[PDB]
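Pasting structure12.pdb here (PDB, C-alpha atoms and all ligand atoms):
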```
ATOM      1  CA  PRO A   1     112.562  54.328 -50.337  1.00  0.00           C
ATOM      2  CA  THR A   2     111.283  51.388 -52.539  1.00  0.00           C
ATOM      3  CA  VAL A   3     113.618  50.691 -55.517  1.00  0.00           C
ATOM      4  CA  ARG A   4     112.658  48.487 -58.492  1.00  0.00           C
ATOM      5  CA  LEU A   5     113.013  48.142 -62.286  1.00  0.00           C
ATOM      6  CA  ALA A   6     110.913  50.479 -64.475  1.00  0.00           C
ATOM      7  CA  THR A   7     107.815  49.797 -66.652  1.00  0.00           C
ATOM      8  CA  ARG A   8     106.331  51.852 -69.605  1.00  0.00           C
ATOM      9  CA  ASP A   9     103.591  53.065 -67.153  1.00  0.00           C
ATOM     10  CA  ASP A  10     106.359  54.837 -65.123  1.00  0.00           C
ATOM     11  CA  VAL A  11     107.742  56.881 -68.105  1.00  0.00           C
ATOM     12  CA  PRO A  12     105.608  60.070 -67.456  1.00  0.00           C
ATOM     13  CA  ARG A  13     106.732  60.651 -63.812  1.00  0.00           C
ATOM     14  CA  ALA A  14     110.332  59.553 -64.714  1.00  0.00           C
ATOM     15  CA  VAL A  15     110.573  62.141 -67.586  1.00  0.00           C
ATOM     16  CA  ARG A  16     109.124  64.919 -65.282  1.00  0.00           C
ATOM     17  CA  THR A  17     111.811  64.033 -62.698  1.00  0.00           C
ATOM     18  CA  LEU A  18     114.654  63.985 -65.320  1.00  0.00           C
ATOM     19  CA  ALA A  19     113.534  67.286 -66.906  1.00  0.00           C
ATOM     20  CA  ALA A  20     113.367  69.012 -63.453  1.00  0.00           C
ATOM     21  CA  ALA A  21     116.670  67.491 -62.241  1.00  0.00           C
ATOM     22  CA  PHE A  22     118.573  68.583 -65.415  1.00  0.00           C
ATOM     23  CA  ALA A  23     117.039  72.100 -65.599  1.00  0.00           C
ATOM     24  CA  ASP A  24     120.374  73.799 -64.593  1.00  0.00           C
ATOM     25  CA  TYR A  25     122.907  71.029 -65.343  1.00  0.00           C
ATOM     26  CA  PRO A  26     126.164  72.449 -66.867  1.00  0.00           C
ATOM     27  CA  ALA A  27     126.552  69.804 -69.601  1.00  0.00           C
ATOM     28  CA  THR A  28     122.891  70.163 -70.742  1.00  0.00           C
ATOM     29  CA  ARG A  29     123.125  73.952 -70.743  1.00  0.00           C
ATOM     30  CA  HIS A  30     126.296  73.710 -72.887  1.00  0.00           C
ATOM     31  CA  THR A  31     124.937  71.109 -75.365  1.00  0.00           C
ATOM     32  CA  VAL A  32     121.162  71.873 -75.742  1.00  0.00           C
ATOM     33  CA  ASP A  33     119.684  75.010 -77.486  1.00  0.00           C
ATOM     34  CA  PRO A  34     118.583  77.711 -75.000  1.00  0.00           C
ATOM     35  CA  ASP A  35     115.433  78.425 -77.099  1.00  0.00           C
ATOM     36  CA  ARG A  36     112.593  76.308 -75.517  1.00  0.00           C
ATOM     37  CA  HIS A  37     115.387  74.683 -73.466  1.00  0.00           C
ATOM     38  CA  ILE A  38     113.273  72.673 -70.915  1.00  0.00           C
ATOM     39  CA  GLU A  39     110.974  71.418 -73.717  1.00  0.00           C
ATOM     40  CA  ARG A  40     114.064  70.246 -75.724  1.00  0.00           C
ATOM     41  CA  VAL A  41     115.702  68.630 -72.640  1.00  0.00           C
ATOM     42  CA  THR A  42     112.389  66.892 -71.745  1.00  0.00           C
ATOM     43  CA  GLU A  43     112.149  65.312 -75.232  1.00  0.00           C
ATOM     44  CA  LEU A  44     115.828  64.180 -75.109  1.00  0.00           C
ATOM     45  CA  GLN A  45     115.252  62.539 -71.688  1.00  0.00           C
ATOM     46  CA  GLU A  46     112.055  60.864 -72.978  1.00  0.00           C
ATOM     47  CA  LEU A  47     113.826  59.697 -76.147  1.00  0.00           C
ATOM     48  CA  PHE A  48     116.711  58.199 -74.191  1.00  0.00           C
ATOM     49  CA  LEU A  49     114.520  56.729 -71.377  1.00  0.00           C
ATOM     50  CA  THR A  50     112.227  54.877 -73.784  1.00  0.00           C
ATOM     51  CA  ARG A  51     114.181  54.063 -77.005  1.00  0.00           C
ATOM     52  CA  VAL A  52     117.505  53.353 -75.204  1.00  0.00           C
ATOM     53  CA  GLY A  53     116.844  52.707 -71.450  1.00  0.00           C
ATOM     54  CA  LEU A  54     113.694  50.598 -71.551  1.00  0.00           C
ATOM     55  CA  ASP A  55     114.233  49.085 -75.042  1.00  0.00           C
ATOM     56  CA  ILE A  56     117.947  47.981 -74.819  1.00  0.00           C
ATOM     57  CA  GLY A  57     119.369  49.155 -71.429  1.00  0.00           C
ATOM     58  CA  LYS A  58     118.318  48.856 -67.741  1.00  0.00           C
ATOM     59  CA  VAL A  59     116.185  51.433 -65.873  1.00  0.00           C
ATOM     60  CA  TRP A  60     115.515  51.649 -62.107  1.00  0.00           C
ATOM     61  CA  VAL A  61     113.138  53.993 -60.213  1.00  0.00           C
ATOM     62  CA  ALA A  62     112.586  54.856 -56.494  1.00  0.00           C
ATOM     63  CA  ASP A  63     109.155  55.807 -55.086  1.00  0.00           C
ATOM     64  CA  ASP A  64     107.408  55.276 -58.458  1.00  0.00           C
ATOM     65  CA  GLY A  65     109.695  57.705 -60.360  1.00  0.00           C
ATOM     66  CA  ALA A  66     110.692  60.284 -57.693  1.00  0.00           C
ATOM     67  CA  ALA A  67     114.265  59.167 -58.748  1.00  0.00           C
ATOM     68  CA  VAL A  68     115.439  57.371 -61.965  1.00  0.00           C
ATOM     69  CA  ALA A  69     118.695  55.720 -63.136  1.00  0.00           C
ATOM     70  CA  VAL A  70     119.286  54.714 -66.802  1.00  0.00           C
ATOM     71  CA  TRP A  71     122.163  52.325 -67.734  1.00  0.00           C
ATOM     72  CA  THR A  72     123.459  50.762 -70.943  1.00  0.00           C
ATOM     73  CA  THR A  73     125.083  47.392 -70.297  1.00  0.00           C
ATOM     74  CA  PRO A  74     127.368  45.045 -72.328  1.00  0.00           C
ATOM     75  CA  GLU A  75     123.982  43.265 -73.134  1.00  0.00           C
ATOM     76  CA  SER A  76     122.785  46.554 -75.011  1.00  0.00           C
ATOM     77  CA  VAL A  77     123.534  45.114 -78.471  1.00  0.00           C
ATOM     78  CA  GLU A  78     121.296  47.190 -80.969  1.00  0.00           C
ATOM     79  CA  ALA A  79     122.781  50.485 -79.647  1.00  0.00           C
ATOM     80  CA  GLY A  80     123.835  51.630 -83.124  1.00  0.00           C
ATOM     81  CA  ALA A  81     120.647  50.674 -84.959  1.00  0.00           C
ATOM     82  CA  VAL A  82     118.703  52.620 -82.224  1.00  0.00           C
ATOM     83  CA  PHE A  83     121.154  55.514 -82.810  1.00  0.00           C
ATOM     84  CA  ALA A  84     120.268  55.604 -86.586  1.00  0.00           C
ATOM     85  CA  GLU A  85     116.584  56.001 -85.573  1.00  0.00           C
ATOM     86  CA  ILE A  86     116.784  58.646 -82.801  1.00  0.00           C
ATOM     87  CA  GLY A  87     120.172  60.191 -83.728  1.00  0.00           C
ATOM     88  CA  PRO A  88     119.019  62.785 -86.319  1.00  0.00           C
ATOM     89  CA  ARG A  89     116.132  63.940 -84.035  1.00  0.00           C
ATOM     90  CA  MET A  90     118.554  64.362 -81.115  1.00  0.00           C
ATOM     91  CA  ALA A  91     120.725  66.592 -83.330  1.00  0.00           C
ATOM     92  CA  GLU A  92     117.604  68.715 -84.150  1.00  0.00           C
ATOM     93  CA  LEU A  93     116.877  69.017 -80.370  1.00  0.00           C
ATOM     94  CA  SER A  94     120.503  70.100 -79.703  1.00  0.00           C
ATOM     95  CA  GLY A  95     119.853  72.937 -82.220  1.00  0.00           C
ATOM     96  CA  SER A  96     122.428  75.755 -82.197  1.00  0.00           C
ATOM     97  CA  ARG A  97     124.482  73.808 -79.559  1.00  0.00           C
ATOM     98  CA  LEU A  98     125.194  70.825 -81.890  1.00  0.00           C
ATOM     99  CA  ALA A  99     128.765  72.003 -82.596  1.00  0.00           C
ATOM    100  CA  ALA A 100     129.397  72.320 -78.820  1.00  0.00           C
ATOM    101  CA  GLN A 101     127.909  68.845 -78.181  1.00  0.00           C
ATOM    102  CA  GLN A 102     130.092  67.345 -80.971  1.00  0.00           C
ATOM    103  CA  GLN A 103     133.218  69.155 -79.701  1.00  0.00           C
ATOM    104  CA  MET A 104     132.575  67.803 -76.168  1.00  0.00           C
ATOM    105  CA  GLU A 105     132.062  64.243 -77.451  1.00  0.00           C
ATOM    106  CA  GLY A 106     135.479  64.363 -79.145  1.00  0.00           C
ATOM    107  CA  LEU A 107     137.125  65.373 -75.849  1.00  0.00           C
ATOM    108  CA  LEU A 108     135.396  62.621 -73.782  1.00  0.00           C
ATOM    109  CA  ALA A 109     135.515  59.741 -76.297  1.00  0.00           C
ATOM    110  CA  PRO A 110     139.194  58.870 -75.588  1.00  0.00           C
ATOM    111  CA  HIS A 111     138.493  58.492 -71.849  1.00  0.00           C
ATOM    112  CA  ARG A 112     135.589  56.048 -72.275  1.00  0.00           C
ATOM    113  CA  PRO A 113     136.263  52.296 -71.681  1.00  0.00           C
ATOM    114  CA  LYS A 114     136.951  50.492 -74.979  1.00  0.00           C
ATOM    115  CA  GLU A 115     136.229  47.185 -73.032  1.00  0.00           C
ATOM    116  CA  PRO A 116     132.690  45.909 -72.076  1.00  0.00           C
ATOM    117  CA  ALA A 117     131.217  48.039 -69.264  1.00  0.00           C
ATOM    118  CA  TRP A 118     128.000  49.312 -67.596  1.00  0.00           C
ATOM    119  CA  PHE A 119     127.512  53.044 -68.362  1.00  0.00           C
ATOM    120  CA  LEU A 120     125.332  55.248 -66.198  1.00  0.00           C
ATOM    121  CA  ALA A 121     123.583  57.184 -69.013  1.00  0.00           C
ATOM    122  CA  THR A 122     121.634  59.486 -66.702  1.00  0.00           C
ATOM    123  CA  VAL A 123     120.395  59.715 -63.120  1.00  0.00           C
ATOM    124  CA  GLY A 124     117.944  62.236 -61.687  1.00  0.00           C
ATOM    125  CA  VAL A 125     116.103  62.932 -58.452  1.00  0.00           C
ATOM    126  CA  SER A 126     113.117  65.323 -58.251  1.00  0.00           C
ATOM    127  CA  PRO A 127     114.521  68.630 -56.804  1.00  0.00           C
ATOM    128  CA  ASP A 128     112.095  68.516 -53.826  1.00  0.00           C
ATOM    129  CA  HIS A 129     113.367  64.953 -52.956  1.00  0.00           C
ATOM    130  CA  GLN A 130     117.120  65.664 -53.390  1.00  0.00           C
ATOM    131  CA  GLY A 131     119.449  65.051 -50.424  1.00  0.00           C
ATOM    132  CA  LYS A 132     117.164  62.336 -48.929  1.00  0.00           C
ATOM    133  CA  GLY A 133     119.238  59.325 -50.172  1.00  0.00           C
ATOM    134  CA  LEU A 134     117.125  58.480 -53.257  1.00  0.00           C
ATOM    135  CA  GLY A 135     119.994  58.963 -55.737  1.00  0.00           C
ATOM    136  CA  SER A 136     122.232  56.492 -53.921  1.00  0.00           C
ATOM    137  CA  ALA A 137     119.390  53.949 -53.724  1.00  0.00           C
ATOM    138  CA  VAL A 138     118.490  54.060 -57.482  1.00  0.00           C
ATOM    139  CA  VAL A 139     122.107  53.777 -58.698  1.00  0.00           C
ATOM    140  CA  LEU A 140     123.166  51.011 -56.272  1.00  0.00           C
ATOM    141  CA  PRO A 141     121.434  48.097 -58.140  1.00  0.00           C
ATOM    142  CA  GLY A 142     123.241  48.960 -61.391  1.00  0.00           C
ATOM    143  CA  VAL A 143     126.547  49.275 -59.483  1.00  0.00           C
ATOM    144  CA  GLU A 144     125.963  45.822 -57.861  1.00  0.00           C
ATOM    145  CA  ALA A 145     124.964  44.379 -61.283  1.00  0.00           C
ATOM    146  CA  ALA A 146     128.196  45.658 -62.931  1.00  0.00           C
ATOM    147  CA  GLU A 147     130.270  44.091 -60.113  1.00  0.00           C
ATOM    148  CA  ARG A 148     128.352  40.735 -60.421  1.00  0.00           C
ATOM    149  CA  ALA A 149     129.066  40.795 -64.202  1.00  0.00           C
ATOM    150  CA  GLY A 150     132.814  41.358 -63.506  1.00  0.00           C
ATOM    151  CA  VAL A 151     132.929  44.542 -65.655  1.00  0.00           C
ATOM    152  CA  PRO A 152     133.605  48.201 -64.714  1.00  0.00           C
ATOM    153  CA  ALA A 153     130.894  50.801 -64.205  1.00  0.00           C
ATOM    154  CA  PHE A 154     131.511  54.149 -65.896  1.00  0.00           C
ATOM    155  CA  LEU A 155     129.996  57.675 -65.932  1.00  0.00           C
ATOM    156  CA  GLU A 156     130.683  61.376 -66.814  1.00  0.00           C
ATOM    157  CA  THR A 157     129.680  64.354 -64.670  1.00  0.00           C
ATOM    158  CA  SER A 158     130.011  68.152 -65.281  1.00  0.00           C
ATOM    159  CA  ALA A 159     128.784  69.110 -61.717  1.00  0.00           C
ATOM    160  CA  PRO A 160     131.551  68.921 -59.029  1.00  0.00           C
ATOM    161  CA  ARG A 161     128.912  68.629 -56.217  1.00  0.00           C
ATOM    162  CA  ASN A 162     128.308  65.015 -57.566  1.00  0.00           C
ATOM    163  CA  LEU A 163     131.966  63.882 -57.082  1.00  0.00           C
ATOM    164  CA  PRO A 164     131.500  63.014 -53.350  1.00  0.00           C
ATOM    165  CA  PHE A 165     128.179  61.217 -54.137  1.00  0.00           C
ATOM    166  CA  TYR A 166     129.900  58.895 -56.685  1.00  0.00           C
ATOM    167  CA  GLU A 167     133.087  58.525 -54.595  1.00  0.00           C
ATOM    168  CA  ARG A 168     130.903  57.075 -51.735  1.00  0.00           C
ATOM    169  CA  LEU A 169     129.573  54.474 -54.264  1.00  0.00           C
ATOM    170  CA  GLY A 170     133.177  53.353 -55.046  1.00  0.00           C
ATOM    171  CA  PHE A 171     133.862  55.404 -58.176  1.00  0.00           C
ATOM    172  CA  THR A 172     137.209  57.109 -58.900  1.00  0.00           C
ATOM    173  CA  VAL A 173     138.091  59.994 -61.247  1.00  0.00           C
ATOM    174  CA  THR A 174     139.894  58.526 -64.307  1.00  0.00           C
ATOM    175  CA  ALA A 175     139.841  61.812 -66.375  1.00  0.00           C
ATOM    176  CA  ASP A 176     139.574  65.551 -65.614  1.00  0.00           C
ATOM    177  CA  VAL A 177     138.617  67.142 -68.968  1.00  0.00           C
ATOM    178  CA  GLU A 178     138.607  70.885 -69.678  1.00  0.00           C
ATOM    179  CA  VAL A 179     135.960  71.884 -72.271  1.00  0.00           C
ATOM    180  CA  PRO A 180     136.669  75.135 -74.214  1.00  0.00           C
ATOM    181  CA  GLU A 181     134.020  77.728 -73.260  1.00  0.00           C
ATOM    182  CA  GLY A 182     132.296  74.770 -71.518  1.00  0.00           C
ATOM    183  CA  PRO A 183     132.094  72.915 -68.263  1.00  0.00           C
ATOM    184  CA  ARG A 184     134.919  70.922 -66.585  1.00  0.00           C
ATOM    185  CA  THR A 185     133.927  67.225 -66.839  1.00  0.00           C
ATOM    186  CA  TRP A 186     135.093  64.232 -64.839  1.00  0.00           C
ATOM    187  CA  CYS A 187     135.034  60.667 -66.083  1.00  0.00           C
ATOM    188  CA  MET A 188     134.600  58.103 -63.348  1.00  0.00           C
ATOM    189  CA  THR A 189     135.142  54.349 -63.218  1.00  0.00           C
ATOM    190  CA  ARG A 190     134.356  51.722 -60.570  1.00  0.00           C
ATOM    191  CA  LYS A 191     136.233  48.439 -61.167  1.00  0.00           C
ATOM    192  CA  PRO A 192     134.711  45.222 -59.651  1.00  0.00           C
ATOM    193  CA  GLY A 193     135.737  44.982 -55.960  1.00  0.00           C
ATOM    194  CA  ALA A 194     135.964  48.727 -55.078  1.00  0.00           C
TER     195      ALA A 194
HETATM  196  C1  LIG B 201     124.362  62.348 -66.308  1.00  0.00           C
HETATM  197  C2  LIG B 201     125.182  61.585 -65.308  1.00  0.00           C
HETATM  198  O1  LIG B 201     125.527  60.443 -65.450  1.00  0.00           O
HETATM  199  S1  LIG B 201     125.447  62.471 -63.790  1.00  0.00           S
HETATM  200  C3  LIG B 201     124.378  63.910 -63.564  1.00  0.00           C
HETATM  201  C4  LIG B 201     123.422  63.403 -62.502  1.00  0.00           C
HETATM  202  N1  LIG B 201     122.310  64.298 -62.237  1.00  0.00           N
HETATM  203  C5  LIG B 201     122.461  65.596 -62.023  1.00  0.00           C
HETATM  204  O2  LIG B 201     123.550  66.099 -61.788  1.00  0.00           O
HETATM  205  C6  LIG B 201     121.206  66.427 -62.079  1.00  0.00           C
HETATM  206  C7  LIG B 201     120.748  66.907 -60.710  1.00  0.00           C
HETATM  207  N2  LIG B 201     121.110  66.002 -59.629  1.00  0.00           N
HETATM  208  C8  LIG B 201     120.302  65.042 -59.184  1.00  0.00           C
HETATM  209  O3  LIG B 201     119.287  64.695 -59.783  1.00  0.00           O
HETATM  210  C9  LIG B 201     120.663  64.398 -57.847  1.00  0.00           C
HETATM  211  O4  LIG B 201     120.978  65.402 -56.894  1.00  0.00           O
HETATM  212  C10 LIG B 201     121.716  63.260 -57.885  1.00  0.00           C
HETATM  213  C11 LIG B 201     121.153  62.055 -58.646  1.00  0.00           C
HETATM  214  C12 LIG B 201     122.991  63.692 -58.610  1.00  0.00           C
HETATM  215  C13 LIG B 201     122.089  62.816 -56.476  1.00  0.00           C
HETATM  216  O5  LIG B 201     120.939  62.247 -55.825  1.00  0.00           O
HETATM  217  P1  LIG B 201     120.445  62.622 -54.330  1.00  0.00           P
HETATM  218  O6  LIG B 201     119.128  61.965 -53.970  1.00  0.00           O
HETATM  219  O7  LIG B 201     120.450  64.140 -54.234  1.00  0.00           O
HETATM  220  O8  LIG B 201     121.666  62.056 -53.489  1.00  0.00           O
HETATM  221  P2  LIG B 201     121.785  61.384 -52.052  1.00  0.00           P
HETATM  222  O9  LIG B 201     120.836  61.917 -51.061  1.00  0.00           O
HETATM  223  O10 LIG B 201     121.790  59.953 -52.307  1.00  0.00           O
HETATM  224  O11 LIG B 201     123.316  61.915 -51.650  1.00  0.00           O
HETATM  225  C14 LIG B 201     123.552  63.338 -51.451  1.00  0.00           C
HETATM  226  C15 LIG B 201     124.789  63.825 -52.170  1.00  0.00           C
HETATM  227  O12 LIG B 201     124.531  64.064 -53.574  1.00  0.00           O
HETATM  228  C16 LIG B 201     125.370  65.118 -54.038  1.00  0.00           C
HETATM  229  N3  LIG B 201     124.584  66.072 -54.782  1.00  0.00           N
HETATM  230  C17 LIG B 201     124.113  65.824 -56.078  1.00  0.00           C
HETATM  231  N4  LIG B 201     123.481  66.798 -56.603  1.00  0.00           N
HETATM  232  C18 LIG B 201     123.474  67.830 -55.643  1.00  0.00           C
HETATM  233  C19 LIG B 201     122.996  69.112 -55.626  1.00  0.00           C
HETATM  234  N5  LIG B 201     122.268  69.647 -56.614  1.00  0.00           N
HETATM  235  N6  LIG B 201     123.269  69.880 -54.541  1.00  0.00           N
HETATM  236  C20 LIG B 201     123.936  69.329 -53.520  1.00  0.00           C
HETATM  237  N7  LIG B 201     124.433  68.095 -53.413  1.00  0.00           N
HETATM  238  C21 LIG B 201     124.171  67.347 -54.533  1.00  0.00           C
HETATM  239  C22 LIG B 201     126.132  65.687 -52.826  1.00  0.00           C
HETATM  240  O13 LIG B 201     127.478  65.203 -52.830  1.00  0.00           O
HETATM  241  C23 LIG B 201     125.244  65.190 -51.685  1.00  0.00           C
HETATM  242  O14 LIG B 201     125.980  64.979 -50.466  1.00  0.00           O
HETATM  243  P3  LIG B 201     126.594  66.233 -49.674  1.00  0.00           P
HETATM  244  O15 LIG B 201     125.540  67.350 -49.436  1.00  0.00           O
HETATM  245  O16 LIG B 201     127.153  65.600 -48.351  1.00  0.00           O
HETATM  246  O17 LIG B 201     127.841  66.735 -50.520  1.00  0.00           O
END
```

Could you rewrite the structure in this file as structure tokens?
Amino acid sequence: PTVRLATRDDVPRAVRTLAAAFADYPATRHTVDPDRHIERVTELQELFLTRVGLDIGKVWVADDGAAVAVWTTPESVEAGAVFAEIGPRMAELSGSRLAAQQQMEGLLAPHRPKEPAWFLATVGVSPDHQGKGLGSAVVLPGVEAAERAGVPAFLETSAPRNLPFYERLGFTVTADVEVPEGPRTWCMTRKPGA
């Protein structure tokens, strides 16, 4: 279980891991077109991993990409300009589920920290390596970094099996959001010193 920051050479295994990990995720199933679903989800994960994670955020990997963690920090300053580049393509990839994605964003936006914070954008572990402690190991550096910076760490999850996993890392449910014809979503925050 060797954890370190990611390089461009790691992207291929990382994207395979994220695509496989999010294959049956409730939020992805609600917000991404079912037509060529895995292909669409794979491009979204690649687009976020490279253009957001590696370019302006922070990305960690365990066992050369068997697990991945992507964060946006208070240091992620051209998030906005990056969003004008990749934004329209992400809407195309959402396809028929763009209205559902936009509805869900409106429900979660009020519960997001308006103050500077580290956001866990996405985390995935290869299905065959799940339950072996890799997820905890990849997310821990970002959690320690947020605490060192004196800012909260924040995330959103639509899978209730993840609540214990994040609770062990010091996170607490700050919002329990009901999505119409969609998945129940929990917003979680970890203030420095949890
Ligand atoms: C997008 C966001 O910010 S959150 C969405 C994160 N990713 C996903 O939900 C997609 C699929 N899930 C995964 O890739 C992984 O299972 C992770 C990253 C959530 C957890 O990583 P793991 O290596 O499995 O975790 P680790 O071994 O460190 O800890 C195990 C705990 O993870 C939780 N867990 C997460 N996903 C699962 C799952 N599919 N089935 C069972 N338990 C799971 C459980 O609470 C488990 O402990 P438990 O059996 O005692 O309840």

Mind checking which residues fall within 6 Å of range 119-133 of chain A, counting only C-alpha atoms, ignoring those fewer than 6 positions away in the same chain, and posting them as a tab-separated table (two decimals) with C-alpha atoms, in the frame of the given file?
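Dumped to part_3.tsv:
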```tsv
chain	number	residue	atom	x	y	z
A	17	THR	CA	111.81	64.03	-62.70
A	18	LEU	CA	114.65	63.98	-65.32
A	21	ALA	CA	116.67	67.49	-62.24
A	66	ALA	CA	110.69	60.28	-57.69
A	67	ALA	CA	114.26	59.17	-58.75
A	68	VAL	CA	115.44	57.37	-61.96
A	69	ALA	CA	118.70	55.72	-63.14
A	70	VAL	CA	119.29	54.71	-66.80
A	71	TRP	CA	122.16	52.32	-67.73
A	72	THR	CA	123.46	50.76	-70.94
A	153	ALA	CA	130.89	50.80	-64.20
A	154	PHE	CA	131.51	54.15	-65.90
A	155	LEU	CA	130.00	57.68	-65.93
```

Point-to-point distance from CA of residue 32 in chain A to atom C5 of ligand LIG 201 (chain B), Å rounded to tenths: 15.1 Å

Shell around residue 152 in chain A at 12 Å using only C-alpha atoms, local window under 6 positions removed, as a list in words: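 So the residues in contact are residues 73, 74, 112, 113, 114, 115, 116, 117, 118, 119, 120, 142, 143, 144, 145, 146, 170, 171, 172, 188, 189, 190, 191, 192, 193 and 194 of chain A.
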
Write the selection just made, keeping C-alpha atoms, as a PDB file, keeping the file's coordinate frame?
```
ATOM      1  CA  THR A  73     125.083  47.392 -70.297  1.00  0.00           C
ATOM      2  CA  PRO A  74     127.368  45.045 -72.328  1.00  0.00           C
ATOM      3  CA  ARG A 112     135.589  56.048 -72.275  1.00  0.00           C
ATOM      4  CA  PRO A 113     136.263  52.296 -71.681  1.00  0.00           C
ATOM      5  CA  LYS A 114     136.951  50.492 -74.979  1.00  0.00           C
ATOM      6  CA  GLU A 115     136.229  47.185 -73.032  1.00  0.00           C
ATOM      7  CA  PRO A 116     132.690  45.909 -72.076  1.00  0.00           C
ATOM      8  CA  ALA A 117     131.217  48.039 -69.264  1.00  0.00           C
ATOM      9  CA  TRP A 118     128.000  49.312 -67.596  1.00  0.00           C
ATOM     10  CA  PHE A 119     127.512  53.044 -68.362  1.00  0.00           C
ATOM     11  CA  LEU A 120     125.332  55.248 -66.198  1.00  0.00           C
ATOM     12  CA  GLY A 142     123.241  48.960 -61.391  1.00  0.00           C
ATOM     13  CA  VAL A 143     126.547  49.275 -59.483  1.00  0.00           C
ATOM     14  CA  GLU A 144     125.963  45.822 -57.861  1.00  0.00           C
ATOM     15  CA  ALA A 145     124.964  44.379 -61.283  1.00  0.00           C
ATOM     16  CA  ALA A 146     128.196  45.658 -62.931  1.00  0.00           C
ATOM     17  CA  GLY A 170     133.177  53.353 -55.046  1.00  0.00           C
ATOM     18  CA  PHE A 171     133.862  55.404 -58.176  1.00  0.00           C
ATOM     19  CA  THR A 172     137.209  57.109 -58.900  1.00  0.00           C
ATOM     20  CA  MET A 188     134.600  58.103 -63.348  1.00  0.00           C
ATOM     21  CA  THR A 189     135.142  54.349 -63.218  1.00  0.00           C
ATOM     22  CA  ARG A 190     134.356  51.722 -60.570  1.00  0.00           C
ATOM     23  CA  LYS A 191     136.233  48.439 -61.167  1.00  0.00           C
ATOM     24  CA  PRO A 192     134.711  45.222 -59.651  1.00  0.00           C
ATOM     25  CA  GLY A 193     135.737  44.982 -55.960  1.00  0.00           C
ATOM     26  CA  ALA A 194     135.964  48.727 -55.078  1.00  0.00           C
TER      27      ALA A 194
END
```

A:28, A:103, A:2, A:157 ranked by distance to ligand LIG 201 (chain B), top pick (using all atoms listed in the file):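 Smallest separation from ligand LIG 201 (chain B) among the options: A:157.
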
Neighbourhood query: residues within 12 Å of (115.7, 72.2, -73.7), file coordinates, counting only C-alpha atoms; return as an mmCIF file with C-alpha atoms, in the frame of the given file.
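Writing done, so here's selection_27.cif:
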```cif
data_model
loop_
_atom_site.group_PDB
_atom_site.id
_atom_site.type_symbol
_atom_site.label_atom_id
_atom_site.label_comp_id
_atom_site.auth_asym_id
_atom_site.auth_seq_id
_atom_site.Cartn_x
_atom_site.Cartn_y
_atom_site.Cartn_z
ATOM 1 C CA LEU A 18 114.654 63.985 -65.320
ATOM 2 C CA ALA A 19 113.534 67.286 -66.906
ATOM 3 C CA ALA A 20 113.367 69.012 -63.453
ATOM 4 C CA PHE A 22 118.573 68.583 -65.415
ATOM 5 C CA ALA A 23 117.039 72.100 -65.599
ATOM 6 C CA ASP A 24 120.374 73.799 -64.593
ATOM 7 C CA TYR A 25 122.907 71.029 -65.343
ATOM 8 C CA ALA A 27 126.552 69.804 -69.601
ATOM 9 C CA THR A 28 122.891 70.163 -70.742
ATOM 10 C CA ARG A 29 123.125 73.952 -70.743
ATOM 11 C CA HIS A 30 126.296 73.710 -72.887
ATOM 12 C CA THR A 31 124.937 71.109 -75.365
ATOM 13 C CA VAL A 32 121.162 71.873 -75.742
ATOM 14 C CA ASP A 33 119.684 75.010 -77.486
ATOM 15 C CA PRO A 34 118.583 77.711 -75.000
ATOM 16 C CA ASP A 35 115.433 78.425 -77.099
ATOM 17 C CA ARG A 36 112.593 76.308 -75.517
ATOM 18 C CA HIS A 37 115.387 74.683 -73.466
ATOM 19 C CA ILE A 38 113.273 72.673 -70.915
ATOM 20 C CA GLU A 39 110.974 71.418 -73.717
ATOM 21 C CA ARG A 40 114.064 70.246 -75.724
ATOM 22 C CA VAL A 41 115.702 68.630 -72.640
ATOM 23 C CA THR A 42 112.389 66.892 -71.745
ATOM 24 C CA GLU A 43 112.149 65.312 -75.232
ATOM 25 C CA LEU A 44 115.828 64.180 -75.109
ATOM 26 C CA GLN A 45 115.252 62.539 -71.688
ATOM 27 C CA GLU A 46 112.055 60.864 -72.978
ATOM 28 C CA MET A 90 118.554 64.362 -81.115
ATOM 29 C CA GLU A 92 117.604 68.715 -84.150
ATOM 30 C CA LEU A 93 116.877 69.017 -80.370
ATOM 31 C CA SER A 94 120.503 70.100 -79.703
ATOM 32 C CA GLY A 95 119.853 72.937 -82.220
ATOM 33 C CA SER A 96 122.428 75.755 -82.197
ATOM 34 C CA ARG A 97 124.482 73.808 -79.559
#
```

Set out as JSON lines a contact list for range 36-126 of chain A and range 177-186 of chain A with a cut-off of 9 Å, giving each residue of range 36-126 of chain A that qualifies its closest atom pair and distance in Å to one decimal, counting only C-alpha atoms, ordered by chain and rising residue number.
```
{"residue": "A:100", "atom": "CA", "partner": "A:182", "partner_atom": "CA", "distance": 8.2}
{"residue": "A:103", "atom": "CA", "partner": "A:179", "partner_atom": "CA", "distance": 8.4}
{"residue": "A:104", "atom": "CA", "partner": "A:179", "partner_atom": "CA", "distance": 6.6}
{"residue": "A:107", "atom": "CA", "partner": "A:177", "partner_atom": "CA", "distance": 7.3}
{"residue": "A:108", "atom": "CA", "partner": "A:177", "partner_atom": "CA", "distance": 7.3}
```

Matched chain/residue IDs from the PyMOL selection byres (((chain A and resi 5-14) around 6) and not hetatm), as a PyMOL selection string: chain A and resi 4+15-17+59-61+65

A:106, A:87, A:80, A:135 ranked by distance to ligand LIG 201 (chain B), top pick (using only C-alpha atoms and all ligand atoms): A:135

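Coordinates place atom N6 of ligand LIG 201 (chain B) at a distance of 22.4 Å from CA of residue 174 in chain A.
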
Pick from A:91, A:109, A:169, A:56 nearest to residue 140 in chain A, counting only C-alpha atoms: A:169

Ground truth for the PyMOL selection byres (((chain A and resi 82) around 12) and not hetatm), written as a ChimeraX atom specification: /A:47-48,50-57,76-81,83-90
